[PDB]
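Asker: Take a look at protein37.cif, mmCIF, C-alpha atoms and all ligand atoms; chains and numbers go by the auth columns:
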data_coords
loop_
_atom_site.group_PDB
_atom_site.id
_atom_site.type_symbol
_atom_site.label_atom_id
_atom_site.label_comp_id
_atom_site.label_asym_id
_atom_site.label_seq_id
_atom_site.Cartn_x
_atom_site.Cartn_y
_atom_site.Cartn_z
_atom_site.B_iso_or_equiv
_atom_site.auth_seq_id
_atom_site.auth_asym_id
ATOM 1 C CA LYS A 1 -0.390 -9.208 8.472 0.00 43 A
ATOM 2 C CA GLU A 2 0.992 -9.226 4.921 0.00 44 A
ATOM 3 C CA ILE A 3 3.330 -6.426 3.841 0.00 45 A
ATOM 4 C CA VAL A 4 3.445 -5.792 0.108 0.00 46 A
ATOM 5 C CA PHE A 5 6.738 -4.393 -1.204 0.00 47 A
ATOM 6 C CA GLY A 6 7.183 -2.718 -4.569 0.00 48 A
ATOM 7 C CA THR A 7 10.727 -2.263 -5.937 0.00 49 A
ATOM 8 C CA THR A 8 12.634 -1.845 -9.180 0.00 50 A
ATOM 9 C CA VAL A 9 14.086 -5.115 -10.417 0.00 51 A
ATOM 10 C CA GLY A 10 17.545 -5.899 -9.097 0.00 52 A
ATOM 11 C CA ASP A 11 19.265 -4.706 -5.924 0.00 53 A
ATOM 12 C CA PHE A 12 16.333 -3.159 -4.052 0.00 54 A
ATOM 13 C CA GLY A 13 14.357 -6.331 -4.665 0.00 55 A
ATOM 14 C CA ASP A 14 17.260 -8.519 -3.574 0.00 56 A
ATOM 15 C CA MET A 15 17.489 -6.659 -0.275 0.00 57 A
ATOM 16 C CA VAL A 16 13.927 -7.713 0.492 0.00 58 A
ATOM 17 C CA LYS A 17 14.239 -11.360 -0.545 0.00 59 A
ATOM 18 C CA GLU A 18 17.691 -12.014 0.909 0.00 60 A
ATOM 19 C CA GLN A 19 17.348 -10.099 4.168 0.00 61 A
ATOM 20 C CA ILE A 20 14.300 -7.967 4.951 0.00 62 A
ATOM 21 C CA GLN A 21 11.727 -10.660 4.242 0.00 63 A
ATOM 22 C CA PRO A 22 13.257 -13.394 6.462 0.00 64 A
ATOM 23 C CA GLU A 23 13.742 -10.833 9.239 0.00 65 A
ATOM 24 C CA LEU A 24 10.096 -9.704 9.131 0.00 66 A
ATOM 25 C CA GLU A 25 8.818 -13.274 8.920 0.00 67 A
ATOM 26 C CA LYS A 26 10.197 -14.084 12.324 0.00 68 A
ATOM 27 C CA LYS A 27 7.981 -11.342 13.720 0.00 69 A
ATOM 28 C CA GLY A 28 4.918 -13.006 12.231 0.00 70 A
ATOM 29 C CA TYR A 29 4.613 -11.068 8.971 0.00 71 A
ATOM 30 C CA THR A 30 4.217 -12.552 5.516 0.00 72 A
ATOM 31 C CA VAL A 31 5.821 -10.527 2.748 0.00 73 A
ATOM 32 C CA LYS A 32 5.022 -10.162 -0.915 0.00 74 A
ATOM 33 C CA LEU A 33 7.396 -8.549 -3.400 0.00 75 A
ATOM 34 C CA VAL A 34 6.377 -6.956 -6.690 0.00 76 A
ATOM 35 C CA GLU A 35 9.210 -5.820 -8.979 0.00 77 A
ATOM 36 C CA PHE A 36 9.030 -3.074 -11.605 0.00 78 A
ATOM 37 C CA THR A 37 11.265 -2.469 -14.620 0.00 79 A
ATOM 38 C CA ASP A 38 10.210 1.188 -14.753 0.00 80 A
ATOM 39 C CA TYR A 39 10.166 4.247 -12.508 0.00 81 A
ATOM 40 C CA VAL A 40 6.570 5.329 -13.262 0.00 82 A
ATOM 41 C CA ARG A 41 4.344 2.551 -11.895 0.00 83 A
ATOM 42 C CA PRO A 42 5.595 2.065 -8.315 0.00 84 A
ATOM 43 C CA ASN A 43 4.204 5.336 -6.884 0.00 85 A
ATOM 44 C CA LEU A 44 0.909 4.753 -8.662 0.00 86 A
ATOM 45 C CA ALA A 45 0.680 1.240 -7.165 0.00 87 A
ATOM 46 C CA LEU A 46 1.540 2.568 -3.729 0.00 88 A
ATOM 47 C CA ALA A 47 -1.132 5.276 -3.941 0.00 89 A
ATOM 48 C CA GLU A 48 -3.731 2.869 -5.257 0.00 90 A
ATOM 49 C CA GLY A 49 -3.225 0.360 -2.475 0.00 91 A
ATOM 50 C CA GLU A 50 -1.553 -2.491 -4.384 0.00 92 A
ATOM 51 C CA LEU A 51 1.608 -1.797 -2.393 0.00 93 A
ATOM 52 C CA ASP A 52 2.083 -0.917 1.263 0.00 94 A
ATOM 53 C CA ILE A 53 5.569 0.401 0.583 0.00 95 A
ATOM 54 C CA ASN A 54 7.929 0.898 -2.336 0.00 96 A
ATOM 55 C CA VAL A 55 11.725 1.266 -2.504 0.00 97 A
ATOM 56 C CA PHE A 56 13.178 2.623 -5.741 0.00 98 A
ATOM 57 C CA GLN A 57 13.437 6.431 -5.848 0.00 99 A
ATOM 58 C CA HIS A 58 15.215 9.441 -4.403 0.00 100 A
ATOM 59 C CA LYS A 59 13.423 12.383 -2.745 0.00 101 A
ATOM 60 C CA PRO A 60 13.570 14.819 -5.682 0.00 102 A
ATOM 61 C CA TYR A 61 11.864 12.191 -7.843 0.00 103 A
ATOM 62 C CA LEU A 62 9.286 11.400 -5.186 0.00 104 A
ATOM 63 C CA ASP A 63 8.549 15.096 -4.768 0.00 105 A
ATOM 64 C CA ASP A 64 8.215 15.648 -8.499 0.00 106 A
ATOM 65 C CA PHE A 65 5.933 12.655 -8.955 0.00 107 A
ATOM 66 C CA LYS A 66 3.693 13.360 -5.929 0.00 108 A
ATOM 67 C CA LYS A 67 3.059 16.871 -7.174 0.00 109 A
ATOM 68 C CA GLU A 68 2.502 16.042 -10.826 0.00 110 A
ATOM 69 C CA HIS A 69 0.096 13.248 -9.925 0.00 111 A
ATOM 70 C CA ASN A 70 -1.289 14.576 -6.610 0.00 112 A
ATOM 71 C CA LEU A 71 -0.710 11.482 -4.490 0.00 113 A
ATOM 72 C CA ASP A 72 -0.665 11.385 -0.702 0.00 114 A
ATOM 73 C CA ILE A 73 2.599 9.435 -0.324 0.00 115 A
ATOM 74 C CA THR A 74 5.727 10.222 1.686 0.00 116 A
ATOM 75 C CA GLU A 75 9.329 9.138 2.279 0.00 117 A
ATOM 76 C CA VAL A 76 10.120 7.184 5.445 0.00 118 A
ATOM 77 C CA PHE A 77 13.734 5.980 5.571 0.00 119 A
ATOM 78 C CA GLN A 78 16.765 5.745 3.307 0.00 120 A
ATOM 79 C CA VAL A 79 18.429 2.596 1.967 0.00 121 A
ATOM 80 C CA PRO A 80 21.888 1.741 0.523 0.00 122 A
ATOM 81 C CA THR A 81 21.769 2.952 -3.070 0.00 123 A
ATOM 82 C CA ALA A 82 23.842 2.439 -6.206 0.00 124 A
ATOM 83 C CA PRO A 83 25.412 5.805 -7.154 0.00 125 A
ATOM 84 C CA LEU A 84 24.858 7.642 -10.429 0.00 126 A
ATOM 85 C CA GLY A 85 27.915 7.399 -12.666 0.00 127 A
ATOM 86 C CA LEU A 86 29.358 8.496 -16.000 0.00 128 A
ATOM 87 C CA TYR A 87 30.498 5.288 -17.720 0.00 129 A
ATOM 88 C CA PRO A 88 32.682 4.597 -20.787 0.00 130 A
ATOM 89 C CA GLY A 89 30.823 4.448 -24.097 0.00 131 A
ATOM 90 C CA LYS A 90 32.693 4.542 -27.407 0.00 132 A
ATOM 91 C CA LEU A 91 35.325 6.497 -25.445 0.00 133 A
ATOM 92 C CA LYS A 92 37.200 4.927 -22.544 0.00 134 A
ATOM 93 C CA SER A 93 38.652 7.859 -20.587 0.00 135 A
ATOM 94 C CA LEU A 94 37.525 11.274 -19.389 0.00 136 A
ATOM 95 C CA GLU A 95 40.689 12.487 -21.076 0.00 137 A
ATOM 96 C CA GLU A 96 39.329 11.565 -24.511 0.00 138 A
ATOM 97 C CA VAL A 97 36.395 14.012 -24.454 0.00 139 A
ATOM 98 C CA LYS A 98 36.163 15.887 -27.734 0.00 140 A
ATOM 99 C CA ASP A 99 34.370 18.988 -28.807 0.00 141 A
ATOM 100 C CA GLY A 100 30.978 17.540 -29.758 0.00 142 A
ATOM 101 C CA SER A 101 31.346 14.394 -27.663 0.00 143 A
ATOM 102 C CA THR A 102 28.068 12.612 -27.083 0.00 144 A
ATOM 103 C CA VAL A 103 26.776 11.863 -23.592 0.00 145 A
ATOM 104 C CA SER A 104 23.626 9.843 -22.950 0.00 146 A
ATOM 105 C CA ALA A 105 21.332 10.650 -20.037 0.00 147 A
ATOM 106 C CA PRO A 106 17.922 9.725 -18.558 0.00 148 A
ATOM 107 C CA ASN A 107 15.099 11.976 -19.767 0.00 149 A
ATOM 108 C CA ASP A 108 12.933 12.427 -16.668 0.00 150 A
ATOM 109 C CA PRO A 109 13.606 15.890 -15.113 0.00 151 A
ATOM 110 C CA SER A 110 14.747 15.024 -11.576 0.00 152 A
ATOM 111 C CA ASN A 111 17.359 12.593 -12.910 0.00 153 A
ATOM 112 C CA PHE A 112 18.350 14.738 -15.896 0.00 154 A
ATOM 113 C CA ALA A 113 19.212 17.636 -13.551 0.00 155 A
ATOM 114 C CA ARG A 114 21.816 15.333 -11.987 0.00 156 A
ATOM 115 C CA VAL A 115 23.498 14.789 -15.338 0.00 157 A
ATOM 116 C CA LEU A 116 23.793 18.543 -15.848 0.00 158 A
ATOM 117 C CA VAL A 117 25.329 19.046 -12.393 0.00 159 A
ATOM 118 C CA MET A 118 27.834 16.266 -13.107 0.00 160 A
ATOM 119 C CA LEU A 119 28.784 17.759 -16.481 0.00 161 A
ATOM 120 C CA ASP A 120 29.260 21.077 -14.690 0.00 162 A
ATOM 121 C CA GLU A 121 31.569 19.472 -12.128 0.00 163 A
ATOM 122 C CA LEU A 122 33.616 17.868 -14.920 0.00 164 A
ATOM 123 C CA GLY A 123 33.930 21.251 -16.614 0.00 165 A
ATOM 124 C CA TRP A 124 32.320 20.055 -19.859 0.00 166 A
ATOM 125 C CA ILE A 125 29.473 22.560 -19.427 0.00 167 A
ATOM 126 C CA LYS A 126 28.964 25.560 -17.132 0.00 168 A
ATOM 127 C CA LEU A 127 25.659 26.072 -15.335 0.00 169 A
ATOM 128 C CA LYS A 128 24.417 29.564 -14.464 0.00 170 A
ATOM 129 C CA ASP A 129 25.286 30.636 -10.927 0.00 171 A
ATOM 130 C CA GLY A 130 22.555 30.456 -8.322 0.00 172 A
ATOM 131 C CA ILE A 131 20.270 28.013 -10.103 0.00 173 A
ATOM 132 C CA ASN A 132 18.592 25.222 -8.192 0.00 174 A
ATOM 133 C CA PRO A 133 20.646 22.066 -8.890 0.00 175 A
ATOM 134 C CA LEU A 134 17.650 19.836 -8.064 0.00 176 A
ATOM 135 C CA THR A 135 15.767 21.243 -11.054 0.00 177 A
ATOM 136 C CA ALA A 136 18.687 22.069 -13.320 0.00 178 A
ATOM 137 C CA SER A 137 17.605 22.023 -16.958 0.00 179 A
ATOM 138 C CA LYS A 138 19.082 23.159 -20.270 0.00 180 A
ATOM 139 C CA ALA A 139 17.769 26.669 -19.820 0.00 181 A
ATOM 140 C CA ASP A 140 20.222 26.806 -16.902 0.00 182 A
ATOM 141 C CA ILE A 141 23.262 26.168 -19.090 0.00 183 A
ATOM 142 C CA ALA A 142 25.300 29.330 -19.273 0.00 184 A
ATOM 143 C CA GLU A 143 27.789 27.915 -21.740 0.00 185 A
ATOM 144 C CA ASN A 144 28.211 24.511 -23.336 0.00 186 A
ATOM 145 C CA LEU A 145 32.028 24.580 -22.992 0.00 187 A
ATOM 146 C CA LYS A 146 32.721 21.389 -24.892 0.00 188 A
ATOM 147 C CA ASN A 147 29.678 21.522 -27.198 0.00 189 A
ATOM 148 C CA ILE A 148 28.621 18.275 -25.605 0.00 190 A
ATOM 149 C CA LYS A 149 25.698 16.612 -27.346 0.00 191 A
ATOM 150 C CA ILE A 150 23.412 15.405 -24.572 0.00 192 A
ATOM 151 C CA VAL A 151 21.455 12.380 -25.790 0.00 193 A
ATOM 152 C CA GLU A 152 18.264 11.822 -23.807 0.00 194 A
ATOM 153 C CA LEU A 153 16.737 8.361 -23.493 0.00 195 A
ATOM 154 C CA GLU A 154 14.269 6.593 -21.179 0.00 196 A
ATOM 155 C CA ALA A 155 16.222 5.645 -18.042 0.00 197 A
ATOM 156 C CA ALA A 156 15.988 1.876 -18.725 0.00 198 A
ATOM 157 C CA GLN A 157 17.831 2.260 -22.058 0.00 199 A
ATOM 158 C CA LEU A 158 20.968 3.950 -20.703 0.00 200 A
ATOM 159 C CA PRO A 159 23.069 0.816 -20.316 0.00 201 A
ATOM 160 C CA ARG A 160 22.869 -0.356 -23.899 0.00 202 A
ATOM 161 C CA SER A 161 23.213 3.194 -25.200 0.00 203 A
ATOM 162 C CA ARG A 162 26.954 2.867 -24.523 0.00 204 A
ATOM 163 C CA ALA A 163 27.381 1.343 -27.975 0.00 205 A
ATOM 164 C CA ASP A 164 26.154 4.540 -29.657 0.00 206 A
ATOM 165 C CA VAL A 165 27.635 7.361 -27.566 0.00 207 A
ATOM 166 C CA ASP A 166 30.973 8.452 -26.160 0.00 208 A
ATOM 167 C CA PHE A 167 29.822 8.375 -22.539 0.00 209 A
ATOM 168 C CA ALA A 168 26.669 7.244 -20.764 0.00 210 A
ATOM 169 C CA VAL A 169 25.384 8.452 -17.392 0.00 211 A
ATOM 170 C CA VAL A 170 23.482 5.463 -15.997 0.00 212 A
ATOM 171 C CA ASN A 171 21.186 5.243 -12.967 0.00 213 A
ATOM 172 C CA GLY A 172 22.735 2.751 -10.564 0.00 214 A
ATOM 173 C CA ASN A 173 19.863 0.289 -10.362 0.00 215 A
ATOM 174 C CA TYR A 174 19.921 -0.148 -14.144 0.00 216 A
ATOM 175 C CA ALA A 175 23.719 -0.289 -14.315 0.00 217 A
ATOM 176 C CA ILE A 176 23.693 -3.202 -11.866 0.00 218 A
ATOM 177 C CA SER A 177 20.804 -5.113 -13.420 0.00 219 A
ATOM 178 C CA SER A 178 22.472 -4.816 -16.827 0.00 220 A
ATOM 179 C CA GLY A 179 25.741 -6.446 -15.835 0.00 221 A
ATOM 180 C CA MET A 180 27.658 -3.189 -15.199 0.00 222 A
ATOM 181 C CA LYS A 181 29.978 -2.595 -12.239 0.00 223 A
ATOM 182 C CA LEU A 182 30.210 0.557 -10.135 0.00 224 A
ATOM 183 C CA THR A 183 34.028 0.477 -10.535 0.00 225 A
ATOM 184 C CA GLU A 184 33.648 0.889 -14.301 0.00 226 A
ATOM 185 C CA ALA A 185 32.440 4.440 -13.716 0.00 227 A
ATOM 186 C CA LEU A 186 34.866 7.151 -14.816 0.00 228 A
ATOM 187 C CA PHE A 187 33.104 9.561 -12.481 0.00 229 A
ATOM 188 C CA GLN A 188 30.524 9.145 -9.714 0.00 230 A
ATOM 189 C CA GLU A 189 28.048 11.633 -8.299 0.00 231 A
ATOM 190 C CA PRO A 190 29.674 13.011 -5.093 0.00 232 A
ATOM 191 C CA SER A 191 26.336 14.240 -3.712 0.00 233 A
ATOM 192 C CA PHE A 192 24.266 12.345 -1.137 0.00 234 A
ATOM 193 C CA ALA A 193 21.088 14.222 -1.975 0.00 235 A
ATOM 194 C CA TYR A 194 19.895 11.285 -4.098 0.00 236 A
ATOM 195 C CA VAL A 195 20.271 8.378 -1.688 0.00 237 A
ATOM 196 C CA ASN A 196 16.990 6.519 -2.173 0.00 238 A
ATOM 197 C CA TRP A 197 14.083 6.464 0.266 0.00 239 A
ATOM 198 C CA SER A 198 11.263 4.032 0.907 0.00 240 A
ATOM 199 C CA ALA A 199 7.798 5.551 0.466 0.00 241 A
ATOM 200 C CA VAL A 200 4.357 4.769 1.857 0.00 242 A
ATOM 201 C CA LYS A 201 0.872 6.252 1.839 0.00 243 A
ATOM 202 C CA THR A 202 0.801 9.124 4.332 0.00 244 A
ATOM 203 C CA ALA A 203 -1.954 7.222 6.163 0.00 245 A
ATOM 204 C CA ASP A 204 0.428 4.410 7.165 0.00 246 A
ATOM 205 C CA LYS A 205 3.251 6.635 8.424 0.00 247 A
ATOM 206 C CA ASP A 206 2.631 5.544 12.000 0.00 248 A
ATOM 207 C CA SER A 207 1.661 1.886 11.374 0.00 249 A
ATOM 208 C CA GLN A 208 3.194 -0.930 13.432 0.00 250 A
ATOM 209 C CA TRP A 209 4.176 -2.878 10.328 0.00 251 A
ATOM 210 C CA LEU A 210 6.098 0.142 9.017 0.00 252 A
ATOM 211 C CA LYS A 211 7.899 0.500 12.333 0.00 253 A
ATOM 212 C CA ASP A 212 8.996 -3.119 12.026 0.00 254 A
ATOM 213 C CA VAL A 213 10.129 -2.632 8.448 0.00 255 A
ATOM 214 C CA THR A 214 12.184 0.497 9.140 0.00 256 A
ATOM 215 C CA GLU A 215 14.109 -1.056 11.970 0.00 257 A
ATOM 216 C CA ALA A 216 14.582 -4.145 9.719 0.00 258 A
ATOM 217 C CA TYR A 217 16.307 -1.722 7.351 0.00 259 A
ATOM 218 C CA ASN A 218 18.459 -0.259 10.134 0.00 260 A
ATOM 219 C CA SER A 219 19.558 -3.093 12.389 0.00 261 A
ATOM 220 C CA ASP A 220 23.194 -4.072 12.875 0.00 262 A
ATOM 221 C CA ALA A 221 22.324 -7.214 10.938 0.00 263 A
ATOM 222 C CA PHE A 222 21.142 -5.259 7.919 0.00 264 A
ATOM 223 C CA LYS A 223 24.161 -2.972 8.047 0.00 265 A
ATOM 224 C CA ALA A 224 26.513 -5.982 8.088 0.00 266 A
ATOM 225 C CA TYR A 225 24.566 -7.579 5.254 0.00 267 A
ATOM 226 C CA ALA A 226 24.688 -4.374 3.211 0.00 268 A
ATOM 227 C CA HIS A 227 28.376 -3.773 3.814 0.00 269 A
ATOM 228 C CA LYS A 228 29.443 -6.987 2.212 0.00 270 A
ATOM 229 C CA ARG A 229 26.557 -7.377 -0.227 0.00 271 A
ATOM 230 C CA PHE A 230 26.373 -3.891 -1.682 0.00 272 A
ATOM 231 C CA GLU A 231 29.931 -2.594 -1.568 0.00 273 A
ATOM 232 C CA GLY A 232 30.343 0.821 -3.146 0.00 274 A
ATOM 233 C CA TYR A 233 26.757 1.836 -2.403 0.00 275 A
ATOM 234 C CA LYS A 234 25.920 5.152 -0.811 0.00 276 A
ATOM 235 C CA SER A 235 24.710 4.658 2.780 0.00 277 A
ATOM 236 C CA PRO A 236 21.681 6.268 4.511 0.00 278 A
ATOM 237 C CA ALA A 237 22.732 9.547 6.144 0.00 279 A
ATOM 238 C CA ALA A 238 21.154 8.280 9.369 0.00 280 A
ATOM 239 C CA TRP A 239 23.849 5.591 9.592 0.00 281 A
HETATM 240 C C1 LIG B . 13.298 6.902 -9.630 0.00 301 B
HETATM 241 S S1 LIG B . 14.561 8.106 -9.209 0.00 301 B
HETATM 242 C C2 LIG B . 16.053 7.188 -9.601 0.00 301 B
HETATM 243 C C3 LIG B . 16.344 6.079 -8.607 0.00 301 B
HETATM 244 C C4 LIG B . 17.642 5.323 -8.901 0.00 301 B
HETATM 245 N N1 LIG B . 17.701 4.064 -8.102 0.00 301 B
HETATM 246 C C5 LIG B . 18.837 6.219 -8.572 0.00 301 B
HETATM 247 O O1 LIG B . 19.153 6.357 -7.371 0.00 301 B
HETATM 248 O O2 LIG B . 19.440 6.767 -9.521 0.00 301 B
#
With the file now loaded, output its structure as structure tokens.
Ligand code: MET
Answerer:
Amino acid sequence: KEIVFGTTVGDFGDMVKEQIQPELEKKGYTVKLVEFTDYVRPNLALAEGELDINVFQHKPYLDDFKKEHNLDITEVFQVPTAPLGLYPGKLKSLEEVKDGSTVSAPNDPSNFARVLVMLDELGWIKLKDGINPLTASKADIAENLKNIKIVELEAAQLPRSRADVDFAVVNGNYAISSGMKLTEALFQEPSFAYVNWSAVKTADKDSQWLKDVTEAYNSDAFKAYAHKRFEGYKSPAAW
């Protein structure tokens, strides 16, 4: 049987080619990897049948997408994921924030809510008490303490936005594929609510090939591989 993987370019794809694939091949499987530069196509490909499984999103994003597009897909297991971070732009230190400082952020809702929670934690803005952090939006901002100018861009553009803003909050997968380092972050998301999950069509939830893939992503071998290969990554809660 052939298992078709769909991932964002970079780290999630490397995991498959460097480790997962060879492991599954010694069980008889043939693997095919399809990489995506964007966040929109993977779930569509999975639902359509092009992919048997994709690895590139967190639950809040999956949940938002499934609902908006009515797709029968579901999360299965978590994987080591690059954390969301606030990186230096024109400014080099959190201490340099000015009234009116610009901060770039991804524009899709589930990821944008994260930026607002982070700005709240840093004390640059204050979110209204009791609001759902997973869906935090601008309407939820009680006070913009530092009159921060939030610049919204398509997720894939965040890395090179650093040249035009004071600080940029970059999704990990794009930070890594754009030559950035996790240690360059001035502040990282402390939460574990966004550790990425693999997703499949609800119909395959109990398949034998999926069972083989999930233990491939949880063996002592994979954990050792991940520990040295993706240092600084957030680990699956299950570990
Ligand atoms: C498509 S949701 C964003 C996924 C991205 N790898 C992150 O964890 O920030």
Asker: What does the PyMOL selection byres (((not hetatm)) within 7 of (chain B and resi 301)) select in this file, as a list in words?
Answerer: residues 81, 98, 99, 100, 103, 123, 124, 125, 126, 153, 213, 214, 215, 236, 237 and 238 of chain A
Asker: I'd like the interatomic distance between atom CA of residue A:179 and atom CA of residue A:53, to a tenth of an Å.
Answerer: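 Atom-to-atom, atom CA of residue A:179 to atom CA of residue A:53, that is 29.0 Å.
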Asker: Can you measure atom CA of residue A:117 to atom CA of residue A:104 for me? One decimal in Å is fine.
Answerer: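 The value is 7.8 Å.
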Asker: Could you tell me which residues the PyMOL selection byres (((chain A and resi 107) around 12) and not hetatm) grabs in this file, written as JSON, numbers by chain?
Answerer: {"A": [81, 82, 83, 84, 85, 86, 89, 99, 100, 101, 102, 103, 104, 105, 106, 108, 109, 110, 111, 112, 113, 114, 115, 116, 150, 151, 152, 241]}
Asker: Within 9 Å of residue A:224, counting all atoms listed in the file, which residues qualify if same-chain residues fewer than 2 places away don't, as a list in words?
Answerer: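 Contacts, in chain order: residues 124, 125, 126, 127, 129, 214, 217, 218, 222, 226, 227, 230, 274 and 275 of chain A.
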